[PDB]
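Q:
Number of protein chains: 2
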Amino acid sequence: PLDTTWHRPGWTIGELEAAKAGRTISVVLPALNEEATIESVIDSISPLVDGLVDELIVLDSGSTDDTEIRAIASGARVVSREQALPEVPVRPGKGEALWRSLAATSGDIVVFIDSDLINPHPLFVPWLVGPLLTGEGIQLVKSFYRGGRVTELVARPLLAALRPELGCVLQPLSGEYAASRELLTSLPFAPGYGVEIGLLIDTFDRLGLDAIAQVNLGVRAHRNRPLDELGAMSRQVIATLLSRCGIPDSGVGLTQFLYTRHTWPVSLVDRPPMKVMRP
Amino acid sequence: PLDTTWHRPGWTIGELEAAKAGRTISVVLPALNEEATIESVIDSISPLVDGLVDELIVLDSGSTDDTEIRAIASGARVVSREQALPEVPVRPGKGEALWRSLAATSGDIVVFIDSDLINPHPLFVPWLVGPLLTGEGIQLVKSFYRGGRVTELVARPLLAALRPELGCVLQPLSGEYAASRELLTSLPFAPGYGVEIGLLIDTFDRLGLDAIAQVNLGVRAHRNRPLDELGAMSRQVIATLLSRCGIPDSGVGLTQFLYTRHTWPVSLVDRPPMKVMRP
Ligand SMILES: O=c1ccn([C@@H]2O[C@H](COP(=O)(O)OP(=O)(O)O[C@H]3O[C@H](CO)[C@@H](O)[C@H](O)[C@H]3O)[C@@H](O)[C@H]2O)c(=O)[nH]1
Ligand SMILES: O=c1ccn([C@@H]2O[C@H](COP(=O)(O)OP(=O)(O)O[C@H]3O[C@H](CO)[C@@H](O)[C@H](O)[C@H]3O)[C@@H](O)[C@H]2O)c(=O)[nH]1
Ligand SMILES: O=C(O)CCOP(=O)(O)O
Ligand SMILES: O=C(O)CCOP(=O)(O)O
Ligand SMILES: [Mn+2]
Ligand SMILES: [Mn+2]
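Residue numbers (full-length UniProt numbering), protein chains in the order written: chain A, 21 to 166, 183 to 294, 303 to 323; chain B, 21 to 166, 183 to 294, 303 to 323.
1. Could you check how far apart the C-beta atoms of B/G113 and B/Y229 are, in whole angstroms? I think they sit under 8 Å.
2. At a threshold of 7 Å, does B/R90 count as lining ligand 6 (C-beta to nearest heavy atom)?
3. Straight-line CA distance for A/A38 to A/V73?
4. Could you tell me the distance, in whole angstroms, from the CA atom of B/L235 to the CA atom of B/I138?
5. Listed from N- to C-terminal order along the chain, which residues in the region 229-247 of chain A have their beta-carbon within a distance smaller than 7 Å of any beta-carbon of chain B?
6. Does the beta carbon of B/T291 come closer than 8 Å to any beta carbon on chain A?
7. Please return the same chain residues whose Cβ sits closer than 8 Å to the Cβ of B/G267, not counting the five positions on each side in sequence.
8. Can you tell me the Cα-Cα spacing of A/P317 and A/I129, whole angstroms?
9. Could you tell me whether the Cβ of B/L198 comes closer than 8 Å to any Cβ of chain A?
10. Expressed to the nearest angstrom, what Euclidean distance is found between the alpha-carbon atoms of A/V205 and A/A196?
11. How many Å lie between B/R192 and B/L153 at the Cα?
12. For A/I45, does the count of other Cβ atoms within 10 angstroms reach 16, so buried, or fall short, so exposed?
13. Quick one: is B/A275 near chain A, going by C-beta distance under 8 Å?
14. Can you pull the chain A neighbours of B/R185, defined as C-beta to C-beta under 8 Å?
15. Could you check if B/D134 belongs to the surroundings of ligand 2, using beta carbon to heavy atom distance under 7 Å?
16. Which complete beta strand (DSSP E) runs does the region 25-89 of chain B hold, if anything under 3 residues is left out?
17. For chain A, is any of its Cβ atoms less than 8 Å away from the one on B/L194?
18. Which residues in chain B have a C-beta closer than 8 Å to the C-beta of A/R271? List them in chain order.
19. Compute every distance between the C-beta of A/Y165 and the non-hydrogen atoms of ligand 1, then say whether any falls below 7 Å.
20. Measure the alpha-carbon distance for B/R97 versus A/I248 and round it to whole angstroms.
21. Return the residue from the list A/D63, A/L198, A/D70 and A/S81 that minimises the CA-CA distance to residue 181 of chain A.
22. Note down, in chain order, every chain B residue with its Cβ under 7 Å from the Cβ of A/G267.
23. Assuming B/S135 and B/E54 form a contact by the criterion Cβ under 8 Å, report the distance between their Cβ atoms to the nearest whole angstrom.
24. Identify the continuous alpha helix (DSSP H) that holds B/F144 and give its terminal residues.
25. Let's see if you can read the secondary structure: which residues bound the beta strand (DSSP E) around B/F293?
26. Enumerated in chain order, which unbroken segments of the beta strand (DSSP E) with a length of 3 residues or greater are wholly contained in the region 208-264 of chain A?
27. Whose Cβ in chain B lies nearer than 9 Å to the Cβ of A/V130?
28. Residues of chain A with a CB under 7 Å from the CB of B/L206: which are they?
29. In three-state DSSP terms, what is A/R97?
30. Do the CB positions of B/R166 and B/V310 come within less than 8 Å of each other?
31. So the alpha helix (DSSP H) A/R192 belongs to, where does it begin and stop?
32. Is any non-hydrogen atom of ligand 2 found closer than 7 Å to the C-beta of A/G234, if you look at the structure I gave you?
33. Any heavy atom of ligand 1 closer than 7 Å to the beta-carbon of A/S81?
34. Helix, strand or coil: which one does DSSP assign to B/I92?
35. Helix or strand or just coil, what does DSSP make of A/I274?
36. Which residues of the region 276-287 of chain B have a Cβ closer than 8 Å to any Cβ of chain A? Give them in chain order.
Given below as structure tokens:
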């Protein structure tokens with residue numbers, strides 16, 4: 021019931037560029053300690069810059085490895101969380117990085133690509149902007165691909197429980213997606229790893245499915261992470277998913293026993317629509 | 021904040037038997053197509069029968085392999101779902117099997133052990149009944165052990197969200213546990229894989245933490261299952277967890293794309317306290 025592109029899109033890069041019609045395109049790579057993979061990601065996209073893509077930045081989210089220098093050495097403009105929006109003290113987590121990135125870009129369209137990807141296709145970005153450029157009323161495009185543990189155990193089943201209309205979204209937690217600035221600066225940003233699911237639900241609640249498309253980027257592979265770190269992500273995802281369905285979340289961080305005790309942070313605080321930051 | 025036994029319990033089998041004080045003990049092994057492991061499980065426990073354990077049954081939950089014959093050949097009494105409670109048509113899923121098993125046993129105490137376990141300790145049952153026998157006010161004992185994907189990504193984080201008081205339960209989805217008949221026949225049984233989480237939350241809501249204990253059974257290993265089957269389990273878990281927290285579940289089955305479409309069953313229907321079936 022949702023515009024789904026199942027096979028390779030047929031649009032060429034030159035067509036897509038024509039279709040821009042004065043609209044600009046920014047690409048954001050959020051990055052926290054992805055030195056091993058960041059360069060490969062930037063290189064997959066930088067050939068588009070000054071063409072289809074008018075602007076590409078790395079939003080460095082507090083990295084302490086060589087993420088930033090290697091990214092710079094790949095010719096990318098690197099922006100710290102502090103630099104994107106310096107008047108506002110920095111909070112931890114991905115959603116903060118993406119939210120701040122709105123203040124550090126000016127494209128009418130914004131594309132997000134995770135910086136921990138292993139050999140991403142150089143057509144990811146063209147594939148994602150296709151529906152925004154050539155559709156009508158599309159404001160949001162999610163990717164999917166071909183094993184998604186938080187997605188298949190947490191997000192998809194909870195959506196089935198609480199927003200079953202979104203059951204047709206194959207990769208709701210996908211980190212590769214694009215959306216209009218008009219949409220993005222109109223929506224709040226959930227903290228931490230909650231940011232994607234919030235955007236999907238907020239978009240839907242506000243514009244319905246017809247405003248959402250999804251595109252097959254084939255197959256992704258990325259940094260596989262330790263189960264305890266996913267419990268933490270899953271917690272924040274849950275937190276946000278619930279607060280969008282008007283359910284009071286305890287605000288209690290998930291506690292695991294490695303036996304040694306550890307309690308991960310959770311946040312019930314969204315960033316407001318970036319629009320409010322407009323002077 | 022919950023009675024937790026972290027190391028090997030010190031009670032001997034003969035002490036525990038003395039402590040029974042006229043109370044009887046039934047052990048139930050629910051089983052659906054566990055021919056490879058069922059015999060090992062029965063053998064771990066049958067030496068206790070006519071001693072500490074007064075009764076042991078296998079609740080055969082519709083098996084079509086050699087589960088039943090191999091179980092019989094290990095000297096176990098085998099009871100079909102139909103035989104446990106024949107006046108009532110059989111529904112699919114684990115909770116149904118466990119619920120029916122109450123009608124097919126008469127122990128004052130009931131112990132559940134999954135039948136897909138690989139080399140279970142012969143002390144599992146003594147370890148589980150310890151707190152029921154020697155405690156006061158304990159009506160429920162959960163096991164834990166030393183990677184628990186639905187548990188760590190779905191159940192523990194959701195509990196943190198919705199019943200954070202149960203955050204201290206290490207293995208809420210554990211299939212090895214024991215409880216009083218008085219408690220069990222007083223509680224409804226969630227369908228499918230929802231049965232455990234429901235029992236934990238219902239018990240807590242009704243008696244609080246002081247009625248619950250948990251015991252380290254060291255380390256379990258069992259049938260590792262395909263992610264898509266866990267999505268289905270996770271769905272039912274979610275469904276039940278939500279309905280206990282007064283949250284309306286859509287009643288919509290989880291839908292996955294293997303790309304081929306498949307929609308798994310979910311049930312919003314509990315069995316009533318078995319007490320109501322008392323003539
Ligand atoms: O505080 C952070 C954490 C992560 N990231 C970046 O965000 C991307 C995704 O983070 P990651 O740790 O790889 O998350 P995943 O395990 O891949 O989580 C999946 O599901 C999450 C829930 O929405 C999404 O954030 C991810 O994009 C998605 O791939 C990575 O490139 C990170 O460099 C930050 O910039 N800051
Ligand atoms: O319809 C069914 C399904 C399962 N079982 C038996 O129940 C036990 C547990 O089922 P399983 O498929 O192994 O579930 P798990 O993946 O191990 O799920 C974990 O989490 C579940 C959620 O509560 C619990 O039911 C399990 O006991 C627990 O180990 C097994 O011995 C099965 O033989 C049935 O009797 N009938
Ligand atoms: O967002 C998710 O679904 C978790 C991604 O990690 P993985 O389970 O290894 O694919
Ligand atoms: O109940 C659970 O947590 C799922 C058990 O299977 P596994 O993740 O392989 O340990
Ligand atoms: Mn990743
Ligand atoms: Mn199992």
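Ideal placement from N, C-alpha and C gives every residue a C-beta, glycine not left out.
A: So, from the listed chains and residues:
1. Right, their Cβ atoms sit about 7 Å apart.
2. Not under cutoff, so the answer is no.
3. For A/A38 and A/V73, the distance between alpha carbons rounds to 12 Å.
4. Each residue's CA atom was taken as its position, placing B/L235 and B/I138 some 25 Å apart.
5. Answer in chain order: no residues at all.
6. Answer yes: the Cβ-Cβ gap between B/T291 and chain A drops below 8 Å somewhere.
7. Hits under 8 Å: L290, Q292 and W308.
8. Cα to Cα, the separation comes out at about 16 Å.
9. At a cut-off of 8 Å between C-beta atoms, B/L198 counts as an interface residue with respect to chain A.
10. Distance between the alpha carbons of A/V205 and A/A196: 10 Å.
11. Whole-angstrom Cα-Cα distance: 28 Å.
12. The residue is buried, with at least 16 neighbouring Cβ atoms inside 10 Å.
13. So yes, B/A275 belongs to the interface.
14. Ordered by position in chain A, the residues that pass the 8 Å Cβ test against B/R185 are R185, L189 and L263.
15. In this structure, B/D134 has its CB closer than 7 Å to one or more heavy atoms of ligand 2.
16. With a minimum length of 3 residues, the continuous beta strand (DSSP E) runs that stay inside the region 25-89 of chain B are 45-51 and 75-80.
17. Nearest CB-CB separation between B/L194 and chain A: below the 8 Å threshold.
18. By Cβ distance, chain B contributes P193, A196 and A197.
19. Outside the cutoff, so no.
20. Rounded to the nearest whole angstrom, the C-alpha separation of B/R97 and A/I248 is 56 Å.
21. Because chain A is numbered 166 and then 183 with no intervening positions, residue 181 of chain A cannot be located in this model.
22. The contact set of A/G267 on chain B, defined by CB atoms closer than 7 Å, consists of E188, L189, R192 and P193 in chain order.
23. Indeed they touch by this definition, with Cβ atoms about 4 Å apart.
24. Note, B/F144: alpha helix (DSSP H), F144 to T154.
25. Where B/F293 is concerned, the enclosing beta strand (DSSP E) stretches over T291 to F293.
26. Taking only runs of at least 3 residues, the beta strand (DSSP E) segments lying wholly in the region 208-264 of chain A are 213-216 and 248-252.
27. For A/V130, none of the residues of chain B pass the 9 Å Cβ criterion, the least Cβ distance being about 27 Å.
28. Per Cβ cutoff of 7 Å: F293.
29. The answer is strand: DSSP assigns A/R97 an E or B state.
30. The answer is no: Cβ separation not under 8 Å.
31. For A/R192, the enclosing alpha helix (DSSP H) stretches over residues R192 to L198.
32. Not under cutoff, so the answer is no.
33. A/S81: yes, Cβ under 7 Å from ligand 1.
34. The DSSP-derived three-state label of B/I92 is helix.
35. Correct three-state label for A/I274: helix.
36. Residues passing the 8 Å Cβ filter: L278, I283, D285 and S286.
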